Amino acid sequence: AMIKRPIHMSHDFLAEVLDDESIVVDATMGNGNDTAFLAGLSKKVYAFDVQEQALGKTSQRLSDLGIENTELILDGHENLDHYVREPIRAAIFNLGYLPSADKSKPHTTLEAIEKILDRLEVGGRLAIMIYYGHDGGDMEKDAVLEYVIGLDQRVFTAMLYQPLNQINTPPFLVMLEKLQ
């Protein structure tokens, strides 16, 4: 019942609409933190990553937890539409900085996001965790943010959840829900 770090809030947010019939997409497997958590709460989790290493780690990890209801895919997440034929209840991305395009082709991640939004059930949710980190970034020139801001409020509700008072610049969360 602590004030939630952005990661705990992403987990809470998605868990809230999950059930034993739910299809979930983990767009950025990495070390499998979100997959390991979401799989126990849904029917099936599809997780994507571009690195063999993250597959191998996540696999042994889910194996050690006895988690079977997943499909780990070695493919860019902009190709989710090829593997996921079901309606999608919840999805999650963990992102770094994506600079808004020079207005003088959307980034592959933007393409995966829209493909997720298109496929979300009504009531379904997309958590986007973003961490600029050491490398640095700018929230006023952020492609994900620019895209989310531009979504039609009648179709989607989009919320920013972010730490205000931390010295090193922390991750922040985008919460999306489909309205119709």
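One rule holds for the numbers: they count along the sequence shown, beginning at 1.
Could you tell me how many residues of the deposited sequence sit unmodelled between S104 and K105 (none, 1 to 3, 4 to 9, 10 or more)?
In the deposited sequence, 1 to 3 residues between these two have no coordinates.
Got a sec? Mean C-alpha B-factor, which is higher, 67 to 75 or 88 to 96?
Comparing 88 to 96 with 67 to 75, the higher average CA B-factor belongs to 67 to 75.
Look over 133 to 141 and 150 to 158 in the entry and identify the one with the greater average Cα temperature factor.
Here the higher of the two C-alpha B-factor means belongs to 133 to 141.
When the CA B-factors of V45, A112, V50, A127 are compared as recorded in the entry, which is the largest?
Answer for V45, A112, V50, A127: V50, with the highest C-alpha B-factor.
Taking the chain's C-alpha temperature factors as the reference, tell me which third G56 falls into: lowest, middle or highest.
Highest third.
Using the B-factors in the PDB entry, rank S10's C-alpha atom against the chain and give the third, lowest, middle or highest.
Bottom third by C-alpha B-factor.
Grab the CA temperature factor for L173 from the record and place it in the lowest, middle or highest third of its chain.
Lowest third - that is where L173 ends up once the chain's C-alpha B-factors are sorted.
Quick check for you: using the entry's CA B-factors within this chain, is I167 in the lowest, middle or highest third?
Tercile = highest for this residue's CA B-factor.
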